[PDB]
């Protein structure tokens, strides 16, 4: 079995805990990052990790984080959680290289399947 870690970067405190705790209960290794900046600083140290973003403040959406990761010359399979009915965010996430986007609200089974799909991109 592959020992990978799901790295959750969520701006809204409560939502971050909700997703992380839910993944934790399903047996995933999970690490919560307090901010996009914190994750970027940690990114070069990531081995066998999948990234899940739920960034709402347009100051650094998941798309900008993906772009910044690209500049660091680091690739991490990423799922970008997008706003309910937000078409541009989803389109931009896929254009930026996300393995998939997930529009909110989502079922736990759906985000879990996306994360497993993204983990398949790890060597």
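Residue numbers count along the first chain shown, from 1.
**Q** Highest mean C-alpha temperature factor of the two stretches 75 to 83 and 49 to 57, which is it?
**A** Taking the mean B-factor of the alpha carbons in each, 49 to 57 is higher.
**Q** For the C-alpha atoms alone, is the average B factor greater in 60 to 68 or in 35 to 43, going by the entry?
**A** Higher mean C-alpha B-factor: 60 to 68.
**Q** Name the one of 22, 99, 102, 15 with the greatest CA B-factor according to the PDB entry.
**A** In the PDB entry, the greatest C-alpha B-factor among 22, 99, 102, 15 is found at 15.
**Q** Among all modelled residues of this chain, ranked by Cα B factor, put residue 117 in the bottom, middle or top third, i.e. lowest, middle or highest.
**A** Middle third - that is where residue 117 ends up once the chain's C-alpha B-factors are sorted.
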